[PDB]
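Undergrad: Handing you this structure, nothing more for now.
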Amino acid sequence: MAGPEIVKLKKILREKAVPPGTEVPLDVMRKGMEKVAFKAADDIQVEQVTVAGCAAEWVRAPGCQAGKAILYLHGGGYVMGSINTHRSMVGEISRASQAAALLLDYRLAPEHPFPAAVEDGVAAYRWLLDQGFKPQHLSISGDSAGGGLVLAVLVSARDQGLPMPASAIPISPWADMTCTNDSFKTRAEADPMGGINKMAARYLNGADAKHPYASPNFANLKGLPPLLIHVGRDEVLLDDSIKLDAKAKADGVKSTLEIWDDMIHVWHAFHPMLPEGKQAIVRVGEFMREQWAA
Numbered sequence: 058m059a060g061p062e063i064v065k066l067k068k069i070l071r072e073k074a075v076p077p078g079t080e081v082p083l084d085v086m087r088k089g090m091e092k093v094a095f096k097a098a099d100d101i102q103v104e105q106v107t108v109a110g111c112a113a114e115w116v117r118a119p120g121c122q123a124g125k126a127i128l129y130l131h132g133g134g135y136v137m138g139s140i141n142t143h144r145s146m147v148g149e150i151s152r153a154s155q156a157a158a159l160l161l162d163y164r165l166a167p168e169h170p171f172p173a174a175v176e177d178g179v180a181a182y183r184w185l186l187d188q189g190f191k192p193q194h195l196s197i198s199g200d201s202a203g204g205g206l207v208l209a210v211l212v213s214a215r216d217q218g219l220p221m222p223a224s225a226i227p228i229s230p231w232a233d234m235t236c237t238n239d240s241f242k243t244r245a246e247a248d249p250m251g252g253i254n255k256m257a258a259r260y261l262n263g264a265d266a267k268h269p270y271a272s273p274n275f276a277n278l279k280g281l282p283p284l285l286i287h288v289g290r291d292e293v294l295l296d297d298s299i300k301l302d303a304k305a306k307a308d309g310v311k312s313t314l315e316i317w318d319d320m321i322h323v324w325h326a327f328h329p330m331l332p333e334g335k336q337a338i339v340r341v342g343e344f345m346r347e348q349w350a351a
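Going by the numbering used here, the sequence shown opens with residue 58, and the numbers climb by one from there.
Take a look at the structure:
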């Protein structure tokens with residue numbers, strides 16, 4: 058059977074949930090994400106930086122190896138999320154990986170549509186290189202929309218001559234704005250999380266939804282660094298992940314897909330109360346470390 062903690066949490070997530078279809082204004086989804094956010098661990102230290110004209114924070118857990126860094130891209134459908142919403146989970150990734158996180162406040166839609174977010178990530182990446190981190194000492198990670206961005210930034214950085222970092226970890230990536238995959242119909246009644254279609258609409262602002270940099274499941278992945286992909290079995294966006302793994306391996310990329318039973322979208326984020334949460338973060342970190350020692 059299935060861990061009790063996830064059952065409890067699924068129960069809670071279905072209660073707190075807004076009923077299907079009802080139209081929640083943007084600045085209400087935004088403020089609500091900010092209010093429910095977990096506070097980071099008391100031993101997580103933080104330093105406000107500005108990077109490529111974006112607010113950011115370095116998020117250093119205890120044990121960070123000097124010279125290593127993670128460019129981290131937060132979720133929120135390209136329309137929401139913030140440094141604040143992700144500080145906790147990212148704090149723990151820093152812990153597991155023994156590496157400082159650069160936690161970027163990239164430009165959000167609809168105020169700043171695509172490719173604004175990709176422009177910010179690529180530039181965030183340039184900035185790190187200019188600060189003297191060696192591509193082989195770098196990693197890129199992100200969740201939900203952030204997971205897509207991770208890929209988008211890789212593909213775009215590559216097209217621009219930037220060197221690929223050592224590893225890349227999309228968590229529950231959203232890599233197909235078309236939102237047409239089976240798993241939307243198949244896995245629907247199991248994901249407690251046209252609301253996602255609205256976000257694509259806000260992000261794209263008229264753009265080709267099969268744009269390489271918007272939906273990286275349609276891009277040329279040739280030459281990307283090794284990938285860990287986390288996804289839960291019980292989420293709508295399962296296919297995004299599976300098709301991403303197949304796409305990568307087809308393009309020569311060293312991909313490792315882990316589908317985790319019973320799990321939900323970015324279950325990582327619920328690490329405080331969900332042991333699989335902490336488990337998968339620890340694995341993210343082990344893999345960033347595995348990739349850096351080779």
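We put the CB at the ideal spot given by N, CA and C, even for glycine.
1) Just the Cα atoms here: how many angstroms apart are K92 and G309?
2) Any chance the region 173-186 sits against the region 205-218, with 3 or more Cβ pairs inside 8 Å?
3) Would you kindly work out how many angstroms separate the C-alpha atoms of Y163 and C111, rounded to a whole number?
4) Which residue from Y260, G189, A225, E168 puts its Cα closest to that of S312?
5) From which residue to which residue does the beta strand (DSSP E) around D200 run?
6) Pick from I338, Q348, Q188: whose alpha carbon is nearest that of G148?
7) If you pair each beta-carbon of the region 197-206 with each one of the region 227-247, do three or more pairs fall below 8 Å?
8) Pull up the CB-CB distance for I127 and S201, whole angstroms please, since I reckon it's below 8 Å.
9) Throw me the rounded Cβ distance for the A158 and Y129 pair, which I believe falls under 8 Å.
10) For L331, which residues of its own chain have a beta-carbon under 7 Å away from its beta-carbon, when the five flanking residues on both sides are left out?
11) Along the alpha helix (DSSP H) that carries residue 393, what are the first and last residues, could you check?
12) Report all residues from its chain with a CB closer than 7 Å to the CB of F241; omit the five preceding and five following residues, and keep chain order.
13) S312 lies in the beta strand (DSSP E); which residues open and close that run?
14) Quick check: the Cα distance between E104 and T243, rounded to an integer number of angstroms?
15) What is the DSSP secondary structure of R290, reduced to helix, strand or coil?
16) Quick one: measure Cβ to Cβ for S145 and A118, integer angstroms, because I've assumed they're closer than 8 Å.
17) Using DSSP with H/G/I as helix, E/B as strand and the rest coil, what is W231?
18) Are there 16 or more other CB atoms within 10 angstroms of the CB of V108, so buried, or fewer, so exposed?
19) Where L161 and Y260 are concerned, what is the direct C-alpha to C-alpha distance, given to the nearest angstrom?
20) Spatial neighbours of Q348 within its chain, please: CB distance less than 8 Å, with the 5 preceding and 5 following residues excluded, ordered by chain position.
21) Return the chain-ordered list of same chain residues with a C-beta closer than 6 Å to the C-beta of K335, the five sequence neighbours on each side being excluded.
22) Might you give, ordered along the chain, the residues of its own chain that have their beta carbon closer than 6 Å to the beta carbon of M345, omitting 5 neighbours on each side?
23) Measure the C-alpha to C-alpha separation of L314 and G289 and round it to an integer number of angstroms.
24) Give the list of continuous alpha helix (DSSP H) stretches no shorter than 4 residues that lie fully inside the region 130-192.
25) So, at 6 Å on beta carbons, what are the nonlocal neighbours of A276 in its own chain, with the 5 sequence-adjacent residues on each side left out?
26) For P172, which option in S272, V341, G120 has the closest C-alpha, if you only look at C-alpha atoms?
TA: Based on what the coordinates show:
1) On the sequence shown, position 35 is the one that residue 92 refers to. On the sequence shown, position 252 is the one that residue 309 refers to. Near 42 Å, if we compare the C-alpha coordinates of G309 and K92.
2) Yes: at least three Cβ pairs fall under 8 Å.
3) To locate residue 163, count along the sequence shown from 1; it is residue 106. To locate residue 111, count along the sequence shown from 1; it is residue 54. Cα to Cα, the separation comes out at about 6 Å.
4) Along the sequence shown, read from residue 1 onward, the residue named residue 312 stands at position 255. Answer by Cα proximity: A225.
5) Translated into positions along the sequence shown, residue 200 becomes position 143. Its beta strand (DSSP E) spans residues 195-200.
6) Along the sequence shown, read from residue 1 onward, the residue named residue 148 stands at position 91. Closest option to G148, Cα to Cα, is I338.
7) yes
8) Sequence index remark: in the sequence shown, residue 127 carries index 70 (1-based). Sequence index remark: in the sequence shown, residue 201 carries index 144 (1-based). Their Cβ separation, rounded to whole angstroms, is 17 Å, which puts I127 and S201 out of contact at 8 Å.
9) Along the sequence shown, one-based indexing puts residue 158 at 101. Along the sequence shown, one-based indexing puts residue 129 at 72. With a contact defined as Cβ atoms closer than 8 Å, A158 and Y129 qualify at about 5 Å.
10) Counted from its first residue, the sequence shown places residue 331 at position 274. Within the same chain, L331 has close Cβ partners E62, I63, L66, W324.
11) As shown, the chain starts at 58 and ends at 351. That puts residue 393 outside it, with no answer to give.
12) Position 184 of the sequence shown, counted from the first residue, corresponds to residue 241. The residues are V293.
13) Taking the first residue of the sequence shown as 1, we reach residue 312 at position 255. From DSSP, the beta strand (DSSP E) with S312 extends over 312-317.
14) Position 47 of the sequence shown, counting from 1, holds the residue named residue 104. Position 186 of the sequence shown, counting from 1, holds the residue named residue 243. Their Cα atoms are separated by approximately 43 Å.
15) In the sequence shown, the residue the question calls residue 290 occupies position 233. Residue state, collapsed to three classes: coil.
16) Looking up residue 145 in the sequence shown gives position 88. Looking up residue 118 in the sequence shown gives position 61. Not a contact, Cβ separation roughly 11 Å.
17) The sequence position of residue 231 within the sequence shown is 174, counting from 1. In the structure shown, the three-state DSSP call for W231 is coil.
18) Walking along the sequence shown from the start, residue 108 turns up at place 51. When all chains shown are included, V108 counts as buried.
19) Counted from its first residue, the sequence shown places residue 161 at position 104. Counted from its first residue, the sequence shown places residue 260 at position 203. Computed Cα separation, rounded: 18 Å.
20) As a first step, residue 348 is located in the sequence shown; it is residue number 291 there, counting from the start. Only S196, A223, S224, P282, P283 meet the Cβ criterion.
21) Locating residue 335 in the sequence shown gives position 278, where the first residue counts as 1. Excluding residues within five positions, the ones whose Cβ falls inside 6 Å are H328.
22) Residue mapping note: residue 345 aligns to position 288 of the sequence shown, counting from 1. So the qualifying residues of the chain are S154, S196, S224.
23) Position 257 of the sequence shown, counted from the first residue, corresponds to residue 314. Position 232 of the sequence shown, counted from the first residue, corresponds to residue 289. If you take the alpha carbons of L314 and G289, they lie about 11 Å apart.
24) 140-154, 173-188
25) Here the question's residue 276 lines up with position 219 in the sequence shown. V212, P269.
26) Within the sequence shown, the letter at position 115 stands for residue 172. Closest by alpha carbon: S272.
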